[PDB]
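Q: Please find target-v3.tsv (TSV, N, CA and C atoms) on the next line:
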```tsv
chain	number	residue	atom	x	y	z
F	255	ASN	N	-68.11	-142.08	-100.76
F	255	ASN	CA	-69.46	-141.59	-100.55
F	255	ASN	C	-70.32	-141.84	-101.79
F	256	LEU	N	-69.78	-141.52	-102.95
F	256	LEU	CA	-70.47	-141.81	-104.20
F	256	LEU	C	-70.73	-143.30	-104.33
F	257	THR	N	-69.80	-144.13	-103.85
F	257	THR	CA	-70.01	-145.57	-103.86
F	257	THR	C	-71.24	-145.92	-103.05
F	258	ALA	N	-71.39	-145.27	-101.90
F	258	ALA	CA	-72.55	-145.51	-101.07
F	258	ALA	C	-73.83	-145.18	-101.81
F	259	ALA	N	-73.88	-144.00	-102.44
F	259	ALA	CA	-75.10	-143.59	-103.14
F	259	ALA	C	-75.40	-144.52	-104.31
F	260	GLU	N	-74.38	-144.79	-105.12
F	260	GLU	CA	-74.47	-145.79	-106.17
F	260	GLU	C	-75.13	-147.06	-105.66
F	261	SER	N	-74.62	-147.59	-104.56
F	261	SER	CA	-75.12	-148.84	-104.04
F	261	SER	C	-76.56	-148.70	-103.59
F	262	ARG	N	-76.90	-147.57	-102.98
F	262	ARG	CA	-78.26	-147.39	-102.50
F	262	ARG	C	-79.24	-147.37	-103.65
F	263	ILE	N	-78.83	-146.83	-104.80
F	263	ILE	CA	-79.65	-146.98	-105.99
F	263	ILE	C	-79.57	-148.40	-106.53
F	264	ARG	N	-78.35	-148.91	-106.69
F	264	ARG	CA	-78.12	-150.13	-107.45
F	264	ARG	C	-78.26	-151.37	-106.60
F	265	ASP	N	-77.54	-151.41	-105.48
F	265	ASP	CA	-77.49	-152.61	-104.66
F	265	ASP	C	-78.83	-152.82	-103.97
F	266	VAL	N	-79.42	-153.99	-104.19
F	266	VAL	CA	-80.63	-154.37	-103.48
F	266	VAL	C	-80.27	-154.83	-102.07
F	267	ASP	N	-81.15	-154.53	-101.12
F	267	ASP	CA	-81.03	-155.07	-99.77
F	267	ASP	C	-81.56	-156.49	-99.81
F	268	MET	N	-80.66	-157.45	-99.98
F	268	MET	CA	-81.06	-158.82	-100.25
F	268	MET	C	-81.76	-159.49	-99.07
F	269	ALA	N	-81.71	-158.90	-97.88
F	269	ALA	CA	-82.52	-159.41	-96.79
F	269	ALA	C	-83.99	-159.21	-97.09
F	270	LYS	N	-84.38	-157.96	-97.29
F	270	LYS	CA	-85.76	-157.64	-97.62
F	270	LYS	C	-86.18	-158.33	-98.89
F	271	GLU	N	-85.30	-158.36	-99.88
F	271	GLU	CA	-85.66	-158.97	-101.15
F	271	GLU	C	-85.82	-160.47	-101.01
F	272	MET	N	-85.04	-161.09	-100.13
F	272	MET	CA	-85.27	-162.49	-99.81
F	272	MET	C	-86.65	-162.68	-99.22
F	273	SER	N	-87.04	-161.81	-98.30
F	273	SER	CA	-88.37	-161.94	-97.71
F	273	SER	C	-89.45	-161.79	-98.77
F	274	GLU	N	-89.23	-160.90	-99.74
F	274	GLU	CA	-90.19	-160.74	-100.82
F	274	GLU	C	-90.22	-161.97	-101.71
F	275	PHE	N	-89.07	-162.63	-101.86
F	275	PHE	CA	-89.00	-163.86	-102.63
F	275	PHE	C	-89.82	-164.96	-101.98
F	276	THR	N	-89.54	-165.20	-100.70
F	276	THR	CA	-90.35	-166.07	-99.86
F	276	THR	C	-91.84	-165.81	-100.06
F	277	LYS	N	-92.23	-164.56	-99.86
F	277	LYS	CA	-93.63	-164.17	-99.92
F	277	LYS	C	-94.23	-164.51	-101.28
F	278	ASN	N	-93.58	-164.08	-102.35
F	278	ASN	CA	-94.15	-164.28	-103.67
F	278	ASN	C	-94.28	-165.76	-103.99
F	279	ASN	N	-93.33	-166.57	-103.54
F	279	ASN	CA	-93.43	-168.01	-103.76
F	279	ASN	C	-94.65	-168.57	-103.06
F	280	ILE	N	-94.78	-168.29	-101.77
F	280	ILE	CA	-95.86	-168.91	-101.02
F	280	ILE	C	-97.20	-168.43	-101.54
F	281	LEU	N	-97.26	-167.20	-102.05
F	281	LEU	CA	-98.48	-166.75	-102.70
F	281	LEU	C	-98.73	-167.55	-103.97
F	282	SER	N	-97.67	-167.95	-104.67
F	282	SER	CA	-97.87	-168.76	-105.85
F	282	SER	C	-98.40	-170.14	-105.47
F	283	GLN	N	-97.77	-170.77	-104.48
F	283	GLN	CA	-98.19	-172.09	-104.04
F	283	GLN	C	-99.64	-172.08	-103.57
F	284	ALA	N	-99.97	-171.09	-102.74
F	284	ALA	CA	-101.34	-170.93	-102.28
F	284	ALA	C	-102.28	-170.75	-103.45
F	285	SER	N	-101.90	-169.90	-104.39
F	285	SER	CA	-102.73	-169.65	-105.56
F	285	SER	C	-103.02	-170.95	-106.30
F	286	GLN	N	-101.99	-171.78	-106.46
F	286	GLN	CA	-102.18	-173.05	-107.14
F	286	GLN	C	-103.12	-173.95	-106.38
F	287	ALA	N	-102.98	-173.99	-105.07
F	287	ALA	CA	-103.92	-174.75	-104.26
F	287	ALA	C	-105.34	-174.24	-104.47
F	288	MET	N	-105.49	-172.93	-104.63
F	288	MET	CA	-106.81	-172.38	-104.89
F	288	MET	C	-107.31	-172.78	-106.26
F	289	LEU	N	-106.40	-173.01	-107.21
F	289	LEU	CA	-106.83	-173.54	-108.50
F	289	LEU	C	-107.31	-174.97	-108.35
F	290	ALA	N	-106.55	-175.76	-107.59
F	290	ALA	CA	-106.90	-177.15	-107.37
F	290	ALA	C	-108.23	-177.28	-106.67
F	291	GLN	N	-108.60	-176.28	-105.88
F	291	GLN	CA	-109.94	-176.27	-105.29
F	291	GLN	C	-110.96	-175.74	-106.28
F	292	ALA	N	-110.56	-174.77	-107.10
F	292	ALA	CA	-111.48	-174.13	-108.03
F	292	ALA	C	-112.03	-175.14	-109.02
F	293	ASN	N	-111.15	-175.97	-109.55
F	293	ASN	CA	-111.50	-176.86	-110.64
F	293	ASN	C	-112.19	-178.15	-110.20
F	294	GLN	N	-112.68	-178.21	-108.96
F	294	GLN	CA	-113.38	-179.38	-108.45
F	294	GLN	C	-114.88	-179.19	-108.35
F	295	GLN	N	-115.35	-177.95	-108.41
F	295	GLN	CA	-116.77	-177.67	-108.50
F	295	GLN	C	-117.47	-178.35	-109.69
F	296	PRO	N	-116.90	-178.31	-110.91
F	296	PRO	CA	-117.61	-178.90	-112.07
F	296	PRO	C	-117.90	-180.38	-111.94
F	297	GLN	N	-117.18	-181.08	-111.09
F	297	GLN	CA	-117.32	-182.52	-111.05
F	297	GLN	C	-118.49	-182.90	-110.17
F	298	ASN	N	-118.81	-182.04	-109.20
F	298	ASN	CA	-120.07	-182.19	-108.50
F	298	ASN	C	-121.23	-181.70	-109.36
F	299	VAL	N	-120.99	-180.75	-110.28
F	299	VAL	CA	-122.00	-180.52	-111.31
F	299	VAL	C	-122.29	-181.82	-112.06
F	300	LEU	N	-121.23	-182.54	-112.44
F	300	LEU	CA	-121.44	-183.83	-113.09
F	300	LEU	C	-122.24	-184.77	-112.21
F	301	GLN	N	-121.95	-184.77	-110.91
F	301	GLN	CA	-122.72	-185.60	-110.00
F	301	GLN	C	-124.20	-185.24	-110.04
F	302	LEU	N	-124.52	-183.98	-110.33
F	302	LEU	CA	-125.92	-183.65	-110.56
F	302	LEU	C	-126.40	-184.23	-111.87
F	303	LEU	N	-125.54	-184.28	-112.88
F	303	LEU	CA	-125.96	-184.87	-114.15
F	303	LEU	C	-125.98	-186.39	-114.09
F	304	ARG	N	-125.02	-186.97	-113.40
F	304	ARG	CA	-124.88	-188.41	-113.37
F	304	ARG	C	-125.79	-189.00	-112.30
R	255	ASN	N	-23.31	-124.05	-83.96
R	255	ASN	CA	-24.67	-123.60	-83.70
R	255	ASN	C	-25.55	-123.79	-84.92
R	256	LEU	N	-25.04	-123.39	-86.08
R	256	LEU	CA	-25.75	-123.61	-87.32
R	256	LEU	C	-25.99	-125.10	-87.54
R	257	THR	N	-25.03	-125.93	-87.13
R	257	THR	CA	-25.22	-127.38	-87.23
R	257	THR	C	-26.42	-127.80	-86.41
R	258	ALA	N	-26.55	-127.23	-85.22
R	258	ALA	CA	-27.69	-127.54	-84.38
R	258	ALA	C	-28.99	-127.19	-85.07
R	259	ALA	N	-29.08	-125.98	-85.62
R	259	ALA	CA	-30.32	-125.55	-86.27
R	259	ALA	C	-30.63	-126.42	-87.49
R	260	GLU	N	-29.63	-126.62	-88.34
R	260	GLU	CA	-29.72	-127.55	-89.45
R	260	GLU	C	-30.35	-128.86	-89.00
R	261	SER	N	-29.80	-129.44	-87.94
R	261	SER	CA	-30.27	-130.74	-87.49
R	261	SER	C	-31.70	-130.65	-87.00
R	262	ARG	N	-32.04	-129.57	-86.31
R	262	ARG	CA	-33.39	-129.44	-85.79
R	262	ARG	C	-34.40	-129.37	-86.92
R	263	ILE	N	-34.03	-128.76	-88.04
R	263	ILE	CA	-34.88	-128.85	-89.22
R	263	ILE	C	-34.78	-130.24	-89.84
R	264	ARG	N	-33.55	-130.71	-90.07
R	264	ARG	CA	-33.32	-131.87	-90.91
R	264	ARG	C	-33.42	-133.17	-90.12
R	265	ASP	N	-32.67	-133.26	-89.03
R	265	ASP	CA	-32.58	-134.50	-88.28
R	265	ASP	C	-33.90	-134.79	-87.58
R	266	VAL	N	-34.47	-135.96	-87.86
R	266	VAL	CA	-35.65	-136.40	-87.14
R	266	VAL	C	-35.25	-136.94	-85.77
R	267	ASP	N	-36.11	-136.71	-84.79
R	267	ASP	CA	-35.95	-137.33	-83.48
R	267	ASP	C	-36.46	-138.76	-83.59
R	268	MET	N	-35.54	-139.69	-83.83
R	268	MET	CA	-35.92	-141.05	-84.18
R	268	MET	C	-36.58	-141.80	-83.03
R	269	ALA	N	-36.52	-141.28	-81.81
R	269	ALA	CA	-37.29	-141.87	-80.73
R	269	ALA	C	-38.78	-141.69	-80.99
R	270	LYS	N	-39.19	-140.43	-81.10
R	270	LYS	CA	-40.58	-140.12	-81.38
R	270	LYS	C	-41.03	-140.74	-82.68
R	271	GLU	N	-40.16	-140.70	-83.69
R	271	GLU	CA	-40.54	-141.23	-84.99
R	271	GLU	C	-40.67	-142.74	-84.94
R	272	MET	N	-39.86	-143.40	-84.11
R	272	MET	CA	-40.05	-144.82	-83.87
R	272	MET	C	-41.42	-145.08	-83.27
R	273	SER	N	-41.80	-144.27	-82.28
R	273	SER	CA	-43.11	-144.46	-81.67
R	273	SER	C	-44.22	-144.26	-82.70
R	274	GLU	N	-44.04	-143.32	-83.61
R	274	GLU	CA	-45.03	-143.11	-84.66
R	274	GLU	C	-45.05	-144.28	-85.63
R	275	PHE	N	-43.90	-144.91	-85.84
R	275	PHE	CA	-43.82	-146.09	-86.69
R	275	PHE	C	-44.61	-147.24	-86.09
R	276	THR	N	-44.30	-147.56	-84.83
R	276	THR	CA	-45.07	-148.49	-84.02
R	276	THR	C	-46.56	-148.25	-84.18
R	277	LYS	N	-46.97	-147.02	-83.89
R	277	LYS	CA	-48.38	-146.66	-83.90
R	277	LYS	C	-49.01	-146.93	-85.26
R	278	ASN	N	-48.40	-146.42	-86.32
R	278	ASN	CA	-48.99	-146.55	-87.64
R	278	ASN	C	-49.10	-148.01	-88.04
R	279	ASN	N	-48.12	-148.83	-87.66
R	279	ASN	CA	-48.20	-150.25	-87.96
R	279	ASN	C	-49.40	-150.88	-87.28
R	280	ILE	N	-49.50	-150.68	-85.97
R	280	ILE	CA	-50.55	-151.36	-85.23
R	280	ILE	C	-51.91	-150.88	-85.70
R	281	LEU	N	-52.01	-149.62	-86.12
R	281	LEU	CA	-53.25	-149.16	-86.72
R	281	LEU	C	-53.52	-149.88	-88.03
R	282	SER	N	-52.47	-150.22	-88.77
R	282	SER	CA	-52.68	-150.97	-90.00
R	282	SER	C	-53.17	-152.37	-89.69
R	283	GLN	N	-52.51	-153.05	-88.76
R	283	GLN	CA	-52.89	-154.41	-88.39
R	283	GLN	C	-54.32	-154.45	-87.89
R	284	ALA	N	-54.66	-153.52	-86.99
R	284	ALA	CA	-56.01	-153.42	-86.49
R	284	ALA	C	-56.99	-153.19	-87.62
R	285	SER	N	-56.65	-152.27	-88.52
R	285	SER	CA	-57.51	-151.97	-89.66
R	285	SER	C	-57.79	-153.22	-90.47
R	286	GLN	N	-56.76	-154.03	-90.70
R	286	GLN	CA	-56.94	-155.25	-91.46
R	286	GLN	C	-57.84	-156.21	-90.73
R	287	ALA	N	-57.67	-156.33	-89.42
R	287	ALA	CA	-58.57	-157.16	-88.64
R	287	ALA	C	-60.00	-156.67	-88.79
R	288	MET	N	-60.19	-155.35	-88.86
R	288	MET	CA	-61.52	-154.81	-89.07
R	288	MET	C	-62.04	-155.14	-90.44
R	289	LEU	N	-61.16	-155.29	-91.43
R	289	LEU	CA	-61.61	-155.75	-92.73
R	289	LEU	C	-62.05	-157.20	-92.66
R	290	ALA	N	-61.26	-158.02	-91.97
R	290	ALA	CA	-61.58	-159.42	-91.83
R	290	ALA	C	-62.89	-159.62	-91.11
R	291	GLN	N	-63.27	-158.68	-90.24
R	291	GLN	CA	-64.59	-158.74	-89.63
R	291	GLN	C	-65.64	-158.16	-90.56
R	292	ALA	N	-65.27	-157.14	-91.33
R	292	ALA	CA	-66.23	-156.46	-92.20
R	292	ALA	C	-66.78	-157.42	-93.24
R	293	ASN	N	-65.90	-158.21	-93.83
R	293	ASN	CA	-66.26	-159.03	-94.97
R	293	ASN	C	-66.91	-160.36	-94.59
R	294	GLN	N	-67.38	-160.51	-93.35
R	294	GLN	CA	-68.04	-161.72	-92.89
R	294	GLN	C	-69.54	-161.56	-92.75
R	295	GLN	N	-70.04	-160.33	-92.72
R	295	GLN	CA	-71.47	-160.08	-92.76
R	295	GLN	C	-72.17	-160.70	-93.98
R	296	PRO	N	-71.64	-160.57	-95.21
R	296	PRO	CA	-72.36	-161.10	-96.38
R	296	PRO	C	-72.62	-162.59	-96.34
R	297	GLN	N	-71.87	-163.33	-95.55
R	297	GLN	CA	-71.98	-164.77	-95.60
R	297	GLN	C	-73.12	-165.22	-94.71
R	298	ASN	N	-73.43	-164.43	-93.69
R	298	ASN	CA	-74.67	-164.65	-92.97
R	298	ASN	C	-75.86	-164.13	-93.76
R	299	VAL	N	-75.66	-163.13	-94.63
R	299	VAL	CA	-76.70	-162.85	-95.63
R	299	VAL	C	-76.98	-164.11	-96.45
R	300	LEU	N	-75.93	-164.79	-96.90
R	300	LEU	CA	-76.13	-166.04	-97.62
R	300	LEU	C	-76.89	-167.04	-96.77
R	301	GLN	N	-76.56	-167.12	-95.48
R	301	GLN	CA	-77.30	-168.02	-94.61
R	301	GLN	C	-78.78	-167.69	-94.60
R	302	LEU	N	-79.13	-166.42	-94.80
R	302	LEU	CA	-80.54	-166.10	-94.98
R	302	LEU	C	-81.05	-166.62	-96.31
R	303	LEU	N	-80.20	-166.58	-97.34
R	303	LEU	CA	-80.65	-167.10	-98.63
R	303	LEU	C	-80.64	-168.62	-98.66
R	304	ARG	N	-79.65	-169.23	-98.03
R	304	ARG	CA	-79.49	-170.66	-98.09
R	304	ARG	C	-80.36	-171.33	-97.05
```
Take the structure from the file and write it as structure tokens.

A:
Amino acid sequence: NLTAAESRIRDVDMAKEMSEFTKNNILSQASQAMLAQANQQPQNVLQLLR
Amino acid sequence: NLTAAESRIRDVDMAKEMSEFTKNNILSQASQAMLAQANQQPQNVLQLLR
């Protein structure tokens, strides 16, 4: 029984944690895509200058 | 007569005790099979990771 409680504190439910891993990754990839879009505005500013 | 009483305390009825032997063994074998089933869940957890 103590093993059970120990595990409930210590052992992660790797199913849910896998889903959180998935999620955090795709949020990172998306975020990077948003950077790749963010940093393209200045070049049309240049098109106004050029 | 005292021999009879002695035996009733001391002498096991090996028929019944044989049946208990049978029983305890098959419970052990079954239990082990349940372990062999128990320890296969984590590998489908891996299939979620992999």

Q: Identify all chain R residues at most 8 Å from chain F by counting only N, CA and C atoms; ligands do not count. Present them as a JSON list (two decimals) with N, CA and C atoms, in the frame of the given file.

A:
```json
[["chain", "number", "residue", "atom", "x", "y", "z"],
["R", 299, "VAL", "N", -75.66, -163.13, -94.63],
["R", 299, "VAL", "CA", -76.70, -162.85, -95.63],
["R", 299, "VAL", "C", -76.98, -164.11, -96.45],
["R", 302, "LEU", "N", -79.13, -166.42, -94.80],
["R", 302, "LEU", "CA", -80.54, -166.10, -94.98],
["R", 302, "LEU", "C", -81.05, -166.62, -96.31],
["R", 303, "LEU", "N", -80.20, -166.58, -97.34],
["R", 303, "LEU", "CA", -80.65, -167.10, -98.63],
["R", 303, "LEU", "C", -80.64, -168.62, -98.66]]
```

Q: Go ahead and compute the interatomic distance for atom CA of residue 298 of chain R and atom CA of residue 266 of chain F, in Å to one decimal.

A: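 Computed distance, atom CA of residue 298 of chain R to atom CA of residue 266 of chain F, equals 15.9 Å.
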
Q: One decimal, Å: what's the distance from atom CA of residue 255 of chain F over to atom N of residue 289 of chain R, could you say?

A: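 Separating atom CA of residue 255 of chain F from atom N of residue 289 of chain R is a distance of 18.4 Å.
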
Q: As a PyMOL selection string, please: all residues of segment 264-296 of chain R that backbone DSSP puts in alpha helix (DSSP H).

A: chain R and resi 264+268-292+295-296
